[PDB]
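Examining the three-dimensional arrangement
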Amino acid sequence: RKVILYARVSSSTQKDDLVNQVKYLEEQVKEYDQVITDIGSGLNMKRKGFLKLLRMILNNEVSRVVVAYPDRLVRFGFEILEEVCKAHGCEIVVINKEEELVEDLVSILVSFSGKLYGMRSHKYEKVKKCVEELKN
Amino acid sequence: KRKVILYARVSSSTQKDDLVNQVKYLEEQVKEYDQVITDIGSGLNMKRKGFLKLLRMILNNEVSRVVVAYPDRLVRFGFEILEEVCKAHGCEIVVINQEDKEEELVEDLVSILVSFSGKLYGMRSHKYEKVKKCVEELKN
């Protein structure tokens, strides 16, 4: 089984941020098999590293996953993961922005916004004002 | 052996009669099912007892299939995690209506907006003010 360090940053503009997150995970843990990283949101369910990991846990390749701090793994659904790891011989370890929340918030509105334009809902107008302000 | 589950949820105690209907609807759609699981609470609740039990079962190799009326019923977010989770455990998610229903979607945004607002305030974020606005805006 394996010990995996999982690190993520929101933006490719944060690539510098990501390595430091890796060094930090590396300094805290000196017996780790594998490193996994992604650039993107914890919303993105297509994230390559994250997927390879999720299957690795399911494949039982993983004893432990270490996250530099919370919500590195996903934005929503940690409960599901906790369960998935809890029945897969797996411990989830956490050592410890607004913008990342805020950005994550905007996307959700936009994502919900497609559905609202699809329903021709009167609410679509309200979501659009909300978002533009949020980016304001 | 292999269990086929009918999983049903409605958001509120107000839709309780409708849940009974959601159950009867699923039963009409699938001739053969083992068990019926229902929850009351929003699809954003990761602590729905019915949900965790089902999920817990899937992790134990007891489910051939889970059937729900909308994907909505299972979760707002991370339905994909469940899918990857399922593929691991010999289970299939069958969805009898491939859609999001409107009133349910709106309710879901409002909660998320409510949560994000607290976190923002909690950190004294520069932006919180506007979020509270979107909510009042959204309730109508």
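Residues numbered from 1 in each chain as written, not as in the entry; some residues may be left out. Chains lettered and ligands numbered in written order. Heavy atoms only, no water. Residues with missing side-chain atoms left out of burial classes, pairs and counts.

For this deposited structure, the header cites X-ray crystallography as the method used and 2.30 Å as the resolution.

1. Observations concerning the state of the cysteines
Any covalent bond linking the sulfur atoms of two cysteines counts as a disulfide. For the coordinates displayed, the defined rule picks out 1 disulfide over all chains. Between the sulfur of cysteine 130 of chain A and that of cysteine 134 of chain B lies a disulfide, 0.8 Å long from S to S. One end of the pair, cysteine 130 of chain A, is in helix α5 (residues 124-134); the other, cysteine 134 of chain B, is in helix α6 (residues 128-139), on a second chain. Each member of the pair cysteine 130 of chain A and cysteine 134 of chain B is classed as buried. The thiol sulfur of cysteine 85 of chain A is not disulfide-bonded, and the nearest other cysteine sulfur, from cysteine 90 of chain A, lies at 4.2 Å. No disulfide involves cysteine 86 of chain B; its nearest neighbouring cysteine sulfur is the one of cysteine 91 of chain B, lying 3.6 Å away. (Disulfide = S-S within 2.5 Å. Helix = DSSP H or I, 4+ residues; strand = E, 2+ residues; numbered from the N terminus. Buried < 20%, exposed > 50% of the residue type's maximum accessible area, 1.4 Å probe, protein only.)

2. As for the domain arrangement of chain A
All names here are of chain A. Under the domain assignment, chain A is made up of domain 1 (1-96) and domain 2 (97-136). Relative placement of domain 1 and domain 2: their C-alpha centres are 28 Å apart. Each side of the interface is counted separately: domain 1 has 7 residues, and domain 2 has 6 residues. Surface buried jointly by domain 1 and domain 2 totals about 530 Å² across both partners, of which 38% is contributed by carbon and sulfur atoms. Of all residues in domain 1, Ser10, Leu43 and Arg75 give up the largest surface area on contact with domain 2, accounting jointly for 69% of the area buried on that side. At the junction of domain 1 and domain 2, the tally comes to 3 salt bridges. The salt bridge involving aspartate 104 is made with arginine 75; its shortest N-O contact spans 2.5 Å. (Domains from an automatic or database assignment. Contact = heavy atoms within 4.5 Å. Buried area = accessible area lost by both parts, 1.4 Å probe. Salt bridge = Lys/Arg side-chain N within 4 Å of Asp/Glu carboxyl O.)

3. Remarks on the packing of aromatic side chains
Scanning all chains against the criterion turns up 6 aromatic pairs over all chains. Arranged with centres 4.5 Å apart and planes meeting at 15°, the rings of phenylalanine 76 of chain A and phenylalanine 77 of chain B form a pair that is stacked. Of the two residues, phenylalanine 76 of chain A is situated in the loop between β3 (62-67) and α3 (78-86) and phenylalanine 77 of chain B in the loop between α3 (71-74) and α4 (79-88); the pairing between them involves two chains. Relative accessible area serves as the criterion here: at 21%, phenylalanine 76 of chain A is assigned to the partly exposed category. Of the residues examined, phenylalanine 77 of chain B reaches a relative accessible area of 18% and is grouped as buried. Taking 6.4 Å as the distance between ring centres and 75° as the angle between the ring planes, the aromatic pair formed by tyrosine 7 of chain B and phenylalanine 51 of chain B counts as edge-to-face. (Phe/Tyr/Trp six-rings, centres within 6.5 Å; stacked < 30°, edge-to-face > 60°.)

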